[PDB]
Amino acid sequence: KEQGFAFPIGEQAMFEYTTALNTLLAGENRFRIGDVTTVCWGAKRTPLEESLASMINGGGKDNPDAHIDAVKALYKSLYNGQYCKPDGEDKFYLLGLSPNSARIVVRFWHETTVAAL
DNA sequence: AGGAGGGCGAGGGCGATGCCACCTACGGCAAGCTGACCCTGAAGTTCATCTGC
């Protein structure tokens, strides 16, 4: 394939995911686990039940950098002592990229919720 | 010569053998440095060698 074509990826996906990585590696989603800078973002949230979506105008918008604060605090409560047993049922993506020489080394990737994380 | 050498059963009966209070007092328990040395990358170009013309 000779570079690029080995992973046949379209522009409307390559550009999208590259911009996503560039935006999450420069805001509040960038946090280090153990000597490894890992970006986190919420997965496809639930459609939200009626009793909760009735008070939220919109209603519930599937925001990526929204419910990531739970896992962020957990990885921070490990260093802060404010850890508590969390009830999952809310999947949080965790792409554990790491720098080698100049290639994005993926160290952690778990689609499971914060409970299994 | 023939002797008999103790019969007897008591020998601890009573109770205390520690009274106190200590058994540590001080202050140090790191000081100084390292915790990485090099590479090897994405991506395009560039040179002398592989081959056909």
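As documented in the archive entry, the model was determined using cryo-EM at 3.26 Å resolution.

Naming follows the PDB entry, where chain A appears as Cas8 of Neisseria lactamica. The title given for this PDB entry is "Exploiting Activation and Inactivation Mechanisms in Type I-C CRISPR-Cas3 for Genome Editing Applications".

Scanning chain A for helices and strands turns up 3 helices and 4 strands. Taken from the N to the C terminus, the helices and strands of chain A come in the order α-β-β-α-α-β-β. Along the first, second and third principal axes, the C-alpha set of chain A runs to 55 × 35 × 25 Å. Burial analysis of chain A (117 residues in total) assigns 21% to the buried set.

Before going further, it helps to spend a moment on the pairing of strand β4 (residues 104-109). With 0 of 6 residues buried, β4 is to be regarded as a mostly surface element. Across 5 bridges, strand β3 (residues 92-99) lies against β4 in antiparallel orientation. Of the residues in β4, the one forming a bridge with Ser98 is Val105.

Now for the protein's contact with DNA strand B. Taken together, the neighbourhood of DNA strand B is formed by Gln3, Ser101, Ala102 and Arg103. Within the side chain of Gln3, an N or O atom sits 3.0 Å from a phosphate oxygen of DNA strand B. Between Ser101 and DNA strand B, the recorded distance is 2.8 Å, taken from a side-chain N or O atom to a base oxygen. Split into classes, the residues belonging to the surface near DNA strand B amount to 1 nonpolar, 2 polar and 1 charged.

The next thing to look at is the nonpolar core. Within the largest apolar cluster, 10 residues are counted, these being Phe31, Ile33, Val36, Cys40, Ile68, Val71, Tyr75, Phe92, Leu94 and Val114. Broken down by secondary-structure element, the contributors of at least two residues to this core are α3 (68-80) and β3. Among the elements that take part in this core, α3 stands out by supplying 3 residues, more than any other. Discounting chain neighbours no more than four positions away, the residues touching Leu94 are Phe31, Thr38, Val39, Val71, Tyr75, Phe108, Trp109, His110 and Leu117.

So, on to the pairing of strand β2 (residues 37-42). Across the 6 residues that make up β2, a large majority, 5, are buried. Remark: 4 residues form the turn of the hairpin made by strand β1 (residues 30-32) and β2, two consecutive strands paired antiparallel; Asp35 in that turn has positive phi of roughly 60°. Pairing geometry for β2 and β3, over 4 bridges, is antiparallel. Paired with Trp41 across the strands is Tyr93, a residue of β3.

Now for unusual backbone geometry. Residue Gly59 follows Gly58 across a cis peptide bond; omega there is 0°. With a phi angle near 60°, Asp35 is a residue other than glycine that sits in the positive phi range. One can find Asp35 in the loop between β1 and β2. A relative accessible area of 83% means that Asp35 is categorised as exposed.

Parameters at a glance
Residue indices run from 1 on each chain, following the sequence as it is written; they may not match the entry's numbering, and residues absent from the coordinates are omitted. The order in which chains are written sets their letters, starting at A; the order in which ligands are written sets their numbers, starting at 1. Readers should keep in mind that the chains presented make up only part of a larger assembly and that every value pertains to that part. With hydrogens and water set aside, each side-chain value is computed from the structure's full complement of heavy atoms. Here a helix means four or more residues in a row that DSSP labels H or I, a strand means two or more in a row labelled E, and each is numbered from the N terminus. Throughout, exposure labels follow a simple rule: accessible area from a 1.4 Å probe, protein chains only, divided by the maximum for the residue type, with under 20% read as buried, over 50% as exposed, and the rest as partly exposed. A pair of strands is treated as paired once DSSP finds two or more bridges between them. Think of it this way: one heavy atom of a residue within 4 Å of a molecule or strand is enough to make that residue near it. N or O atoms closer than or at 3.5 Å make up a polar contact, with two conditions inside protein: a donor-capable atom paired with an acceptor-capable one, and, for residues adjacent in sequence, both atoms drawn from side chains. Three categories are distinguished: nonpolar for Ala, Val, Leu, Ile, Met, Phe, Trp, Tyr, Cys and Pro, charged for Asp, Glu, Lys and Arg, and polar for the others, with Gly belonging to the last. Remark: nonpolar core denotes a set of buried residues (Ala, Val, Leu, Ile, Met, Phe, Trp, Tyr, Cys) joined through side-chain atoms within 4.5 Å. Should any heavy atoms of two residues lie within 4.5 Å, those residues are counted as being in contact.

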